[PDB]
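Take a look at this one chain, the form deposited in one PDB entry, written out in structure tokens.
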């Protein structure tokens, strides 16, 4: 029962320019009033060890911004993120180059990832066996099909062992004969009591895998709590949205977007 990630009043703002003259004036003039867009506004949530959290929301809600702030790639405008343990992100397209072959790409990605040479030399055969590419592991990646490239990326990425893990729409990869292995590998992380943040639009996988749910609407956190209490509300809202007429949907979207855009 120890906190793993603690977030207090994280805010992210972006400035909106229409023409180059406005940007040039904003850069030069000391005090200038320009439009400001609030990607996130006053988000605070405390995550304990072993808690799997699923992020749900509509397009443009601000889930990827929160995931990048937690993962350290992005910096909040106001507030701080207090975390313990290392953080790893699952992204298959990060380190794969078409010119380099599969064997070279394994070493390239593992080196950029942060592993020493001796570990890479040991872990390479397991990756080669897991990917199931076969003879094509020596061919350049540009010759690969999309599924083979995705499988190689997943095989390279699954080797991480962090304290905190962030996944983004990468639970399974490839055809039906390959998804089960990825699911078992992902579950193995759950059995080791690691904090996991899952961002996806698939409600079945979220129900099967996650433990707590965070609902983000219009850059703010609507609700935080157990899956059994929060997910039904999101499903009910989604069902309600379908029955509304087009004018009502447009009015809802306009009301949502009005609060985000401010002048300051």
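Numbering follows the first chain given and starts at 1. We call the rigid core whatever largest set of C-alpha positions still superposes within 1.5 Å between the two forms.
Although it is not shown, the form deposited in another entry is what the next lines describe.
- Among the candidates 91, 74, 78, 120, displacement between this form and the one not shown reaches 2 angstroms at the C-alpha for one position only, 91 (superposition on the rigid core).
- Whereas the displayed form keeps them at a certain spacing, the CA atoms of residue 92 and residue 120 lie at least 3 angstroms farther apart in the other form.
- If you compare C-alpha positions, residue 117 and residue 92 are 3 angstroms or more farther apart in the other form than in the form on display.
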